[PDB]
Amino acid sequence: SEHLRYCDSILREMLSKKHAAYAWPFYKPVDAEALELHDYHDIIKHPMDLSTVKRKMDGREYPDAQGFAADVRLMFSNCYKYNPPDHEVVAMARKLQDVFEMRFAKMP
């Protein structure tokens, strides 16, 4: 759709070097074992990351832009749910979500 191509562009920007500094914790799925997070899958029941979003976007799996946003926001919400609000990862999550929400609001 028209809206989904703009979403594709948002995805490109989120994956670019421009934001890598704060975006990198969301590039690949959360490896709970490598990160020794023994409670991750108790708290987060629907994991989500940027690569999964690329898969769903490249496989034409989103019905419309609103499903795209649902998955992106879900990713962010999971980060906020799991960490306490003074962790730096939450600040990075907020920076990146600022980018996403800005670009999404400015959708033509």
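When you see a residue number, it is the position in the sequence shown, counting from 1.
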Which has higher Cα B-factors on average according to the PDB entry: 88 to 96 or 11 to 19?
-> 11 to 19
So which stretch wins on mean C-alpha B-factor, 69 to 77 or 56 to 64?
-> 56 to 64
With respect to C-alpha B-factor, does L50 fall in the lowest, middle or highest third of the chain as deposited?
-> highest
Third assignment of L37 from its chain's C-alpha B-factors | lowest
